[PDB]
Structure formats: structure tokens, C-alpha cells
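All Cβ positions, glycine included, derive from the backbone under ideal geometry; neighbour counts span all protein chains shown. All of this is worked out from the model, or read from it or from the source named; no laboratory instrument gave them.
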Protein chains: 2
Amino acid sequence: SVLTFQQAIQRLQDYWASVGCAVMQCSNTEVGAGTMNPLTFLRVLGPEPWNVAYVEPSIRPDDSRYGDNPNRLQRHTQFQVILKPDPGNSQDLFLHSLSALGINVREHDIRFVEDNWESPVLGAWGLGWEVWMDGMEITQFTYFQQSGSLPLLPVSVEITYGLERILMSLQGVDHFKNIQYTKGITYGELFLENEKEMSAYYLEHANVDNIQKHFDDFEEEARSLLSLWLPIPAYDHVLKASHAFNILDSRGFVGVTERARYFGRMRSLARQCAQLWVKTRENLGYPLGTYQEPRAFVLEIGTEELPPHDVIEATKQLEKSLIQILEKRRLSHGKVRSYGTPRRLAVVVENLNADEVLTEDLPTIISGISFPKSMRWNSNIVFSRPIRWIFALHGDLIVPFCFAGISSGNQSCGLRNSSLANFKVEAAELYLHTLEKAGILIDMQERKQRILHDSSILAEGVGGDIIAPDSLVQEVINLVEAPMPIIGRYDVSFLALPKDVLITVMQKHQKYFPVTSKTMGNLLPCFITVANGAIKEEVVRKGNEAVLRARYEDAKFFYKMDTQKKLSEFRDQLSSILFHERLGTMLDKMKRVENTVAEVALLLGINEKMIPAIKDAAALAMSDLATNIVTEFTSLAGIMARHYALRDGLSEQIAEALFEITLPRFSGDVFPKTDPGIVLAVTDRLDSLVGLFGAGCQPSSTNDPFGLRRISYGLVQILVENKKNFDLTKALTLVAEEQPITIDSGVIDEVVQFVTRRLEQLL
Amino acid sequence: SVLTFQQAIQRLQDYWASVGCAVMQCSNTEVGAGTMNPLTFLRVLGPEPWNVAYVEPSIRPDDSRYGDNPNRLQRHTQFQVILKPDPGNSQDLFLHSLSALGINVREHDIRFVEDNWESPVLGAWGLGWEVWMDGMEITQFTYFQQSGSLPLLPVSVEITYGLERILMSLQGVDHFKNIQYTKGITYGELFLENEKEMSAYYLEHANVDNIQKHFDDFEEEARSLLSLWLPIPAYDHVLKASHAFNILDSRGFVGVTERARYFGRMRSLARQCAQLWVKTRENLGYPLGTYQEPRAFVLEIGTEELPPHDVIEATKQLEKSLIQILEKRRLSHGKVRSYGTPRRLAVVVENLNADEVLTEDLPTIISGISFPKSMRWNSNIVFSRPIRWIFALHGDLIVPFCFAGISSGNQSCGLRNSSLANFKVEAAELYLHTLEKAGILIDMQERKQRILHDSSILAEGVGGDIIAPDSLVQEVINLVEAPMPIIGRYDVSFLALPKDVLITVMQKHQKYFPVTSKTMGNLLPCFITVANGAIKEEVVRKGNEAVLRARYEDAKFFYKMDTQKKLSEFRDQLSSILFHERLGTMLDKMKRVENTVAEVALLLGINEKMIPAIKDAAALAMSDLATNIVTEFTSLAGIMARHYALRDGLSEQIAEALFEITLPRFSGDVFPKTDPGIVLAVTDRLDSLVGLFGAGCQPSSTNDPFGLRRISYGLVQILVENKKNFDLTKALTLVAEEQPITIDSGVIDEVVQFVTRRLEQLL
């Protein structure tokens, strides 16, 4: 009836062998993830084609909880697939596999949420998605772009299934120890005792001296065999050294600075082995083979799923460039509009008065579109995601041209697994109407008004009101294309927590709509979740309820544990969070701030009687970034410290300053409003500017790296909005007096000029 | 069509999961065999039931040949099944699996040839069979009896499939590098390069200093964690240490004496871990559960396959005891006869004049039978193999009694997979007739005359004559129960080898009948193989031809390799063969013999002019036990040295002495005939007696575990048959004068008394 473990694994190998990939066996050495295997890191290099699929036990010493945490294990199992070169339809096959595994595709809600992979220690990165199945992550999907610092040619697709979580979803369990391996034996009886014993060894009694010795031994031997033109033993030695290093980390004996050195050593080793493998396969002549490659106008690019901000930017740029070139080509036109959704970027130009110029220039226009991150699937053409189809129609006549190996056509595609999986259009004026037939609104905004109206209806259904900040709403708008709101509830005991945990967990991670009582504003045990497509309601409700309860169970343990020590003690661990090498840790930054806050307050004309209180805040600034809460929930910075101090008994204004030391966290964020918070935020930003400008890597494409890009902007907005006079030069000098790095007058002048330029941008 | 690799593995896991065993995965640690896995060595202990099946890559550093030897690899793959407790029909399921794997059962010739397992370093042993499929070993089958020095209760069955050899049999290939993994990728392109690189590492450039270090580290850590009541990490550490030791051995740096010490350390470690695991599971309360348990007279015991000498001894003892107790019970009877075949021990008593005494005494009689080696399947009842059925019939009346959990009945069983797989008997006088209907003869002589007559017919068919020594004939007689001779041939180039290699390889290992030309006595390219049952002829002919060609290819390469360095150079490696700790190596024994042979010859009244020649033989005695020829072919001791000396140019008598230094090799073997050979054999046996009696390990239960008595009996037979006078005391004293171990007069007196007793037994 309901599935087990060994049935799932068997079905996966059968399916993936049936498509064309040869099933192999898991290596006899320990890895942290399947990508580390010598069947993947080595084999994706070179022109030889490569298809393979295998199971792998993944061992992570850092996750030991003695088997009490209901879903975290030190040993899990992954199923890994490598396709090369890109067959051209990997997403068809992945969902077709999910079909063959017993997961019902149309009935469940399948969501491809953006996620880029990265791994410096292998020197690899790629672009792809994380697959959610009704709330839970179940798979990772990726296109490799560079491995061992060598740009891969041709590109390969990597697909990774996580099985314990999948089975926890299908069988409806809440703890790993109840999953059934096979008839009459549950996961517990087989693996719980091994879990306990290995967790004890990983956490307490393992020997570190011998493991340092083994790191030395294996590094030496890897170099030795790399000199002798044998790459397989070299890479094997590398894997042994890496796993020993992880066990080294679990004990807590990894130095705060040592990790960079370890990372450098291991990465250089792996890259050398990759280079040698490539040369060696070159000497052999490549046995496996080689690679070889007026009427309305509607223009649509159809790719796979794009990130939201990419959807917005691409729509704007494409529309503007098309209008421009139409003007330069002296062709008259009517109104021009743009539309977009995660899988399509469309622009409609009405009453266009032409075929030859359109044919000769459309590839140029589409090539002209630029994104921050681009990738190749075949050939050297770049785009955000691989293009699959182009709907380029003038009236009833199709425009022929070539680009990205895809010919323009009259075909489109609708919702996944419906009757309108594909269709065609003969008349341009039917375009927006034909998509009306597929159940997808192609404009933006329509979706926003629909979502908000339906959410209001459903929430009023139980006498509550939704909370809808702008950013959450826009993200949800561009995460779907056919909304369907659903109401759910959860157990009431969780309402005992502080309000911040509840709302932040509901919003930041899962994208659900919290609802407060229409009267008295208290939290209601309700939430609204936006499904996409023709789902069956109770399945989605069950899944999402289970997920929410799991996440709130996590908090309700961490929270009690974090009630035992007083916030005063957590400050000690701020030495474990890195700011910059020359400036020290977060603890050093806080110690610098605490000895400079009083002068900043004096220069701001703040009342002196608040000086003893504000300094008391300075002793506990950011003392939450080392609590288990903000470790799991990043968005709760400061506010949780406010509540802790309230329980700890500190003044409310101390808590408000600890909170507003964060504001603004980003563009558009509300700005600090209490005077101690203003002083703390000013001091923090001044220390950041003085330290980073005095120590280096300052301007990086004006993007963000090291938080200098938008921190600078905030410094001023705070000063302007709060109507407080300030002396920039004196405060900068006073801060530099506290910086451990010597700061000359030239650095101060540069900072003054930079602040002046940023203010000029603001003013 | 014709099978591949992954199809075989997938089909095996499917079949064995369908029967009731849960399929698991290969640990990420390196083993030499699946029995070493912590899923088998640990899990067979205790009363908790256990069924499991998994694949495992087996890594043996000692087998590196750089991929040139057609069937030997450093890395192979085994499929392992563990059943516990004994389900009761493990032999049905194993053949039912070979059926599901695509091997045709009735058409091929399936043979269960005796082979006992042993593994001291784990402290385990068992009893079982090696499965031959038309000439080639393909599977091992075993009942465990004691693991980790703790007598198991209840007993478990272990089945081990070897897959590369199976696939080499089905596809019809001669080298591993052509087996097809999957469509369009052969085994070569995947694994040949890994083979070359790992073979280079295993043989030349690996570091031994670091591996000694790691042995020390892991032994220390295993002790450390054994003290702390965590057995899983302890056993894992043990496995790492053992594999490192094997890589240590491949380089050749294992001392001739050190291996015993390493063996002791590792065995003690494993036993301690097993004991701790047992106590730990005892503390838990056993979650998995607990174990809980006148008319003719024809008496047949039916077990599984028995070894030959066991068949003979059991027939004799059962017949004698039954007749005795019939006499003691004052019951009259006619003629009494015995019959036996590998699966049945039957005794027929004619015209027996009783049911109550037979019922009350038959279990006593059957229990009274003794064997050198016994085992249990359920309960503590012992027998050579587990009993399955007892055919105990008096006339038309069945005799009811209970023993070994099996009730007496009227049922029997015929040839495997025939129409008469089962039948029943109502009339006693039909017994030998009814088996006539099943094709099985039952006399132990009828079979001999049938085999010899048919062999003569077939060999005369091509104008040749068979070679039939007695021992080979009797072994073949009791290896089958329904003979069918088959003629085959082989390639003629192999006739260029010396005659000894050809005949010895054909006889000692495969049990085939060599045929010589009727004229001139030259070897003919023919042989006769005795198939059993209703086989299809050409299948068997193809299989056996391929096997013979493979073995002769191996023989010719080794022969060519050994025909370079002189028979004198090979003497240096005799330090690598161990005789006893206190007496030294084989080289030391040969040096002792060479300095005492002249005095032995003088005491025998041998002509002095032959003294220079005989001593020249003493310089090269057993110079073959270190040549690859006798390393692979044990039965060629001495004779190959004779041929080498002939090629080397030595006198024929020197070679004859080198040959007869071995005679007799066993009971019934011919005795040395030339005087130098007589002197050499006498000197060798005298040195053996003086060394072993002077150093220890007296005749153990009279079975000669190291030699001494069958050895001495050989000495006295040599002295008597050759009509040579001899002085035992003086020769013993002279030999003791050469032994590095101090030998007192008491030792000499004990040896003299022992020789006198053995002569008394002979005379």
C-alpha cells in the first residue's frame, strides 16, 4: 500500500537506468555529498559524454543530535543523477521520475523555487532550482558552469534526491524513527542505535591529535602521487583528508582563522588533481568520443523559471529596446505593453504597420538583454536560463530567424500536465485571449489584486485580518502565475511564544499570510497559503499544516534553552562571527562601539542623563546574533534581544536601541526613532565605514560584498529623517581612534568625500 | 538479449527482497570480503532474527596484475545474502535465484562440491559447499558454526555470489575487459584505467611508514572506544586497520614471522568487540525478539550432499550397528546389504521377521553414528549435514518415531528438477526398483563399471586409451549418482608443454580423464568429462572446453616466466615458506639436509662414487616449491624441478632424486626407487622427525596436522620396500647434530620408540 524505503530506491534505479544512464555503486569511502564522489567531480570534465546514477550515504558529523531531533541525522541517503551533455529536457524527465516513484503530480503542488549552488572547496558553481513539493524541499536541480576552475564544455545537469524527507512526506510521520524500512522493521530498530553510538563518538570521545596527523599524512601522499601521474589515488586521498577535517570540526577545535587556511589547501589539491586528470585523458586519445554541436506584433521569450527581479528587469529592458529599434527603423506603431510571468517574457505592440527588418534584427535585440548572472546550455550564447521556445508572431504570419539553436514558431505551452500542455495560435489578437484559455493571467497587477481580494475574503470568513507587507506580496506575486488561496490552522499552544517568532517564521521562510484578530489585534490560529494550479485542497492543507507544526516545535525547544543563560553571557560567542581579517570579530566591533557611543551621543546633542542607560545598551549590542534563535531565524535580529532584555529586566529604551541598531536593514526599511538607537546605529555605521575604508576591498561593482554598498546609504537617511545635527569629521576621527588598524587623515578625508557623495545622491 | 552487469545485480536484489530479506547498502569502509562487514560479523550474534542482502565491492591488494591477467582483478564485486535462523530449505531458494537470474537449471550441470570455510582472524568457521556450474566456481554456500569465539545460537546460512565470473560464463568472453556494463559501454572503458592506476599504487609507490603508523593509531582508538561501551566505532576502526594491513602485505614488507603477531592482535580485537556487542544488546531487552524451538526392511537416511569418505564410513558403521542390534534383539533376518550415494545412505535387510523395538531403538542407532566433523541446524543434535528426510519402511508399513525434528515417512526425492522430484513407496520390494525409475543407481560399484565401460567406448571412438588411476576413479564414483560421459577436445599448441603439467592439471583439479594415443602413447587432444543428470550436451562441452583453455593459458604463461632464472636462483626464496617457528624456514631445512645427506648415504651402503652427484641434488632439493609452476599447481612438486634440471642440464638421476624426495606423498603413493632419491627422502623424513619431536606438537589425535606419523610410516615403508639396511640411532643423532634446536638423548630415544611403534603397526 503506502510506500517504504527499499521500494523507493529500487524504483528510482529502475527508472533512471531505463532512460539511458548506467547505474553504478557507491564508493567505499566517506563523503559529505554525492558531488564529492570521484564519479562526479572527475567525470564531468572533458568532451566525453557521461550518464550515471547511484545511491550514496552522506555522513555529516556536524548534525549529531543523538537522534532526538525529529528530522536531523548524522547519516542520510541521497540518490544522485548526472546527465552529460544536457539532453535538452531534464525537467520533463525529473517530474516523469517523480511520477514513477508514486508521487501524484497534478494533485500535489510542485514548485521550482530559485536556488544557486556554490562550493568553493571544490571550485564549482552552477545555476538551478530547489524543488518544493507542497511545502517541503525534496530535490535539488542544477546546471554546472565551472568545476576545478576549468570552464566545462559541454555543460552537464546534476539532479539530487533527498529520500528520508520524501518518505516522511508520503507516509505521514513526524519523526524519522517511525519510517518503515521493510515489512515489520522500522527505521528505528535498524539505525537508531548506530545513530546514538556514532553521535557520541562524533561529539565527545573522538581523538583530534590522530586526525591532525592523518590530515598531514594524506596531504603529503596526495602531492606525492600527483607528481607520479596517477590521479585516481590522489583524489581518493583528498576525500579521506576532507572527511577527517569535518570530524575535526565537530569537536569545536577548528580555529576561527584556521578554516580559511584549510579551505585553501584542500581547494588547491582538488584543482591540481582535476588538471592532471584532464591531461591524462588527453594522452589517451579520448576513447569515449568527442562532442559536436497594420497588424499586432507579439514577441514572447519562453525559458524555464526565472528569479523574480530578473522577470521585472528583463521585461523593462526588452520593451524599451524593442520600442527604440522600431523608432530607428521608421515603423509606425500603436500602444506598446509588456507582460511577464516566471516562464515567459512577452511584449505586445499594437497595430504595427516590416518582416525583413524584424527577421534581421530580433536576434540582435534578444541578445542585447543583459542579466547579472548568465549561463550556457549549448554553445557560448548567454541568458539567465536556457531558452526553450520563442513565440514571435506578426498578425497571422510567423517571423523566421535563428538564435540559440531554436527556430521561432507558432507554438506555446500552458500549465503543467493539463490538456493545454501545448497549443498554437493563428491570429495575433487572440494571443492574450488564448492564454485566457490556459488559466494563466499574463499581466502583472491583475495577480496582485486577485490575491489580495481573495485573501481578504477568506480571512474575513473567520473574522480576522491579514498582514501584507509590500515585499512579501510582490515576491508572492512573481512566485506563481495562477493563484488559489487556501485556509489552514495550527495548534494553539504555540501562541504562548513571543509574537516576533510566530510572524517572522510564518513570513520570511514559508511565504504564508499571518492573520490577526479583527478585535484586540491578537494572533489568530489561521494562515493563508497560495497554491498554484488545479490542486486538491485537503492534500495541500494537510501538508502545509504538518510543516508549520514541525517548524514551531523546533522554536519551542530552542526558545526554552535560550531562556536558561542571561543575555549577558551570550556576548562571549561573538568572537565566532567574522567581519574582516584586519578588523577582527563581531565582539571586537561591539567593544569598539561601546567605548565610542557616549561621544557620539554628546555630538548629537543627546541628553546626558541617558548616557548611563545608552552605554548599558552598548554592553549588550547585537548580543542576539549568538543565540540559537537568530541563528535559525535571521530576520529576528535585535528584536529577540529586546524581548530577552525585557525578561532580563532591562529598560524598554535599551531594548529599543538594541532593536534600532539594525534599522535600516535594507532599502526602504523604517529608520531608527529613539535617541539611544539613533546613537547606536550611527556609531555602528561609522565604525563600519572607518574600518572598511581603512582596511580595503571597498568598492565591488557597487553591489554589496561586505555590506558597504547599502550600509553607507543608511547612515545619512537616519541623520536626515531624525532632524539631528552631526559633526561627521570629529565622529570619524573618534571612531578611528578606536580602530585597531592605523587610520591616517587621508582615510578620514576619503570617508568624508564618500559620505558627501552618498548624501548628494540622497539629496 | 544476452545479459549484462547491472541487469544481473538488479534482478538479484529484486528476487532476494521478494523472499523476505531487507536489502541494505555497502558500507563506505574498505573490506576484503562481505563477511567482514559489520552487517554480518556483528549481526549473526544473539537470538534476534536477521535476514539481509546487499552488494559489496571487495578490494584485494594482493591480486594486482595491471589488468593483463584475463580474470584476476584487484577490485571485484560480490552479492551477499544472510539468512537467520535457517529457514529450512536454503538450497531450494539458491537454485530458484539462479533460475531468476537467467541461468537455465536443468540444461546446465549444477554441482555442489564440498568445501569448508575457515577464517581465524575473525574466529569463525562453518560447513558447506562450493557451487560449480559446468566447470567454474560461481557461488559459496555455508552454515556458520561459531563466530567471534562464541558458539552461535541459532545457526545462520550465508550465501555468496561472485558476479564477474558468472557474467564471463554467460556472455562467453575470455577477458574481463569485454564484459558489457551497459549498452555501448564495456567493462574496460569504465574500470580498466582505474585498474591500472590502483595496481601501480598497490604495487610500487604506496607509503608503508604511514600505514604502520595508521595500524598503531586505529588499534589504540579501538581499545579506547571498547573501554567506553560503544561497539560500532570499535568495529569500524578494526576494519580500517585490517585493510591497511593488507596494503602493507602487497609491497612485500610483511615479515615471515610478523604475520602471526598481526593475526593475534587483530583476532583479539574482533573477539572483544563481539563480546561487548552481545552484552550491550543484552542490556536493551532484545527489541527484535527471541528464538523458540517376514518382510523386507528398508532404512534410508536422506541429508544434503556429503563428502565421499563420509559416505563410505557412514555406510559401514550404520550397517554394522543395525545388524548388531538386530542380533541383540533376537530378531531373525536374511541377507543384509548397504548402498549409498551423495544424498542417501540406505541399508536393506531382507526377509525381516518388531515394529515396537524398531521404533524405540532407531533414534538410538542413528544417533550412534559418528563423523570427524559435525554440525547443528536446529537444536543440539549433531550430524555431518542436516538431515532432511528419513525413509524408514517395513514391508508396506511405516515405522513411526521422532528424531532431529523430522518424522519418519514414506516419501523420497529423485533427481533435481525432474518429473520425479518427489514420490512415495507402498511396497518395500519395489524400493531398489522404484529408484530405478528415477535414473539414480545406488550400489557404489555398478557406477564404477558403468563409468569405466562408457569411458572406454567414447575414447575408442577416436582411437585412444584413457588413464584411470584408482584414487581418481573412486573420487569420481562418489562425486555423482547418475553418470553420463561426454567427449571434448582442446587446442593443440598446449601439447608443447611438458607432459606432467597437462596430465596433472587435467586430473587433480577438474577430474577429467586424459587420453593417450593407442599407438606411441602420445597425448591426444581429447578428454572425457562425467556429467550428471539430464544435461544438454553442447552446453556442457562448450563450458568445459573454455575452462580447460583458460587453465592451460595460465599454465603456459607461468611456465614461460619460470623458464628464465636457473633452478639454483629460485632456492633463495625458500625463506618465504614456513615449517615451524623453532626449526626455521624451508631453506634452512634444505641446508640442514644438504650437510647430512652424505652420511645418510654412507649408512645405507650406497656407492661412494655417487656421493658427489647426490650432494649436487641436495643443493637443489625442492628448488621447485618456490617456482610459479608449483605455486599454482601443488601436485607438481619435484617433477617440474626434474624437468627444469633436464633443461638446465643436470643428470637424470639428480632429477629422479629431486622427484623421489617427495615419495611417498600420501597413503598408497609409490615409493622412491633410485638410491639418491632414497637417501634424500630418508634424510628429509629424519630431519622432520628430529625437528618436530625435538620442538613440539606431538601427533594430534593421530591425524598428522603437521606430519610425523603418516610421514614416519612413509620412512619405514621406504626402508622396507627398498631392502636397505639402516642404523636409526646413528642417523637420528647425526641429524640432531645439524638441528639448530638442542636435542637431548631423551628426544632421540623418544623418536626411536616412535619409529619402532610405527614399524610394529606396519609389520
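Please state which of the following conditions B:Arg223 fails to meet, knowing it meets all the rest: (1) charged (D, E, K, R); (2) farther than 30 Å from A:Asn207 by Cβ; (3) not in a strand (DSSP E or B).
Only one criterion in (1) charged (D, E, K, R); (2) farther than 30 Å from A:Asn207 by Cβ; (3) not in a strand (DSSP E or B) is unmet by B:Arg223, namely (2).
Checking the conditions here, which among A:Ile654, A:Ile661, A:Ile678 is crowded, with 18+ Cβ neighbours inside 10 Å, of a type in the set (A, V, I, L, M) and under 31 Å from the mean Cα position of the chain (by Cα)?
A:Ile661 is the lone residue from the list that is crowded, with 18+ Cβ neighbours inside 10 Å, of a type in the set (A, V, I, L, M) and under 31 Å from the mean Cα position of the chain (by Cα).
Look through the range A:40-53, keep the residues that are away from chain B (no Cβ under 12 Å) and closer than 22 Å to A:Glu118 by Cβ, and return whichever of them is farthest from the chain's Cα centre (by Cα).
Here the residue is A:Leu45.
Scan the range B:698-721 for residues that are part of a loop (DSSP other than H, G, I, E, B) and surrounded by fewer than 16 Cβ atoms within 10 Å (Cβ to Cβ) and jot them down.
Hits for the range B:698-721 are B:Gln698, B:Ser700, B:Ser701, B:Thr702, B:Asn703, B:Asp704, B:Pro705, B:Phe706.
Quick one: would you say B:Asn37 is buried (at least 20 other Cβ atoms within 10 Å of the Cβ), within 12 Å of chain A (Cβ to nearest Cβ) and of a type in the set (S, T, N, Q)?
In short, yes.
Being among the β-branched types (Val, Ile, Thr) and part of a helix (DSSP H, G or I) is the requirement here; does A:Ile138 meet it?
no
Check B:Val81 against each of (1) crowded, with 20+ Cβ neighbours inside 10 Å; (2) closer than 25 Å to B:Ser149 by Cα; (3) more than 13 Å from chain A (Cβ to nearest Cβ); (4) over 24 Å from the mean Cα position of the chain (by Cα) and name the one condition it does not meet.
(4)
Got a sec? Which of A:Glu219, A:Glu300 is charged (D, E, K, R) and either assigned by TED's automatic domain parsing to the domain that holds A:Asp361 or loosely packed, with under 13 Cβ neighbours inside 10 Å (or both)?
Exactly one residue qualifies, and that residue is A:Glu300.
From the list A:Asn194, A:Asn246, pick out the single residue that is among the polar types (S, T, N, Q) and in the same structural domain as A:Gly123 (by TED's automatic domain parsing).
Step by step, each of A:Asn194, A:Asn246 is checked, and only A:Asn194 is among the polar types (S, T, N, Q) and in the same structural domain as A:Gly123 (by TED's automatic domain parsing).
Of the residues in the range B:198-242, how many are farther than 27 Å from B:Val278 by Cβ, of a type in the set (S, T, N, Q) and at the interface with chain A (Cβ under 8 Å from one of its Cβ atoms)?
Of the residues in the range B:198-242, 2 are farther than 27 Å from B:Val278 by Cβ, of a type in the set (S, T, N, Q) and at the interface with chain A (Cβ under 8 Å from one of its Cβ atoms).
List the helices (runs of 4 or more DSSP H) that sit entirely inside the range B:409-490 and contain at least 3 residues that are more than 30 Å from B:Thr359 (Cα to Cα).
Output list reads B:446-460, B:470-477.
Between A:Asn194, A:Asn207, which is more than 30 Å from A:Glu107 (Cβ to Cβ), assigned to a loop (DSSP other than H, G, I, E, B) and polar (S, T, N, Q)?
Matching residue, one of A:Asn194, A:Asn207: A:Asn207.
Yes/no matrix, rows are residues, columns are (1) in contact with a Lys or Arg (Cβ under 9 Å, 6 or more places away or on another chain); (2) buried (at least 19 other Cβ atoms within 10 Å of the Cβ):
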{"residue": "B:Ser493", "(1), (2)": "yes, no"}
{"residue": "B:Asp500", "(1), (2)": "yes, no"}
{"residue": "B:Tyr512", "(1), (2)": "no, yes"}
{"residue": "B:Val540", "(1), (2)": "no, yes"}
{"residue": "B:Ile577", "(1), (2)": "no, no"}
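Of everything in the range B:1-18, what is in a helix (DSSP H, G or I) and of a type in the set (A, V, I, L, M)? Give them in sequence order.
Of everything in the range B:1-18, those that are in a helix (DSSP H, G or I) and of a type in the set (A, V, I, L, M) turn out to be B:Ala8, B:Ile9, B:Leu12, B:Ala17.
Out of the residues in the range A:277-302 that are part of a strand (DSSP E or B) and in contact with a helix residue (DSSP H, G or I) (Cβ under 9 Å, 6 or more places away or on another chain), which is nearest to the other protein chains (Cβ to nearest Cβ)?
The residue in question is A:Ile301.
Can you name the residue in the range B:88-130 that is of a type in the set (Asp, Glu) and more than 21 Å from B:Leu152 (Cβ to Cβ) and, of all such residues, is farthest from the chain's Cα centre (by Cα)?
Per the stated criteria, the residue is B:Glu107.
Got a number for residues in the range B:251-286 being closer than 27 Å to A:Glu193 by Cβ and in contact with a strand residue (DSSP E or B) (Cβ under 9 Å, 6 or more places away or on another chain)?
Counting residues in the range B:251-286 that are closer than 27 Å to A:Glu193 by Cβ and in contact with a strand residue (DSSP E or B) (Cβ under 9 Å, 6 or more places away or on another chain) gives 4.
Within the range B:13-34, restricting attention to residues that are within 27 Å of the chain's Cα centre (by Cα) and more than 9 Å from chain A (Cβ to nearest Cβ), which residue is surrounded by the most Cβ atoms within 10 Å (Cβ to Cβ)?
Looking at residues that are within 27 Å of the chain's Cα centre (by Cα) and more than 9 Å from chain A (Cβ to nearest Cβ), I get B:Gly34.
Confirm whether A:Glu56 is closer than 21 Å to B:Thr182 by Cα and within 13 Å of chain B (Cβ to nearest Cβ).
Taking the combined requirement at face value, the residue satisfies it.
Please determine whether any residue of the range B:335-348 is out of contact with any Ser or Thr (no Cβ under 6 Å at 6 or more places or on another chain), on the phi > 0 side of the Ramachandran plot and either assigned to a strand (DSSP E or B) or of a type outside the set (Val, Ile, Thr) (or both).
Within the range B:335-348 (the criterion being out of contact with any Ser or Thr (no Cβ under 6 Å at 6 or more places or on another chain), on the phi > 0 side of the Ramachandran plot and either assigned to a strand (DSSP E or B) or of a type outside the set (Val, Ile, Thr) (or both)), the answer is no, since none of the residues qualifies.
Test of understanding: among B:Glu305, B:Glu313, which residue is touching a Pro at 6+ places or on another chain (Cβ under 9 Å) and either assigned to a helix (DSSP H, G or I) or farther than 25 Å from B:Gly128 by Cβ (or both)?
Only one candidate passes the filter, namely B:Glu313.
Report, by residue number, each residue of the range A:599-609 that is crowded, with 17+ Cβ neighbours inside 10 Å and either out of contact with any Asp or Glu (no Cβ under 9 Å at 6 or more places or on another chain) or farther than 13 Å from A:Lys730 by Cα (or both).
A:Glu599, A:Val600, A:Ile606 - these are the residues of the range A:599-609 that are crowded, with 17+ Cβ neighbours inside 10 Å and either out of contact with any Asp or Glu (no Cβ under 9 Å at 6 or more places or on another chain) or farther than 13 Å from A:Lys730 by Cα (or both).
Mind checking which residues of the range B:224-277 are of a type in the set (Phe, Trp, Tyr), in contact with a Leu (Cβ under 8 Å, 6 or more places away or on another chain) and buried (at least 18 other Cβ atoms within 10 Å of the Cβ)?
B:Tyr235, B:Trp277, listed by residue number.
As an exercise: evaluate A:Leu98 against (1) within 14 Å of chain B (Cβ to nearest Cβ); (2) surrounded by 20 or more Cβ atoms within 10 Å (Cβ to Cβ) and give the number of the one condition it does not meet.
All conditions pass for A:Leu98, except number (1).
Regarding A:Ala274, is this residue in contact with a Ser or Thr (Cβ under 9 Å, 6 or more places away or on another chain), in a helix (DSSP H, G or I) and more than 10 Å from chain B (Cβ to nearest Cβ)?
In short, yes.
For the range A:29-134, list the strands (runs of 3 or more DSSP E) that sit wholly inside it and hold at least 2 residues that are within 21 Å of B:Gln6 (Cα to Cα) and of a type in the set (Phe, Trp, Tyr); which are they?
A:50-59
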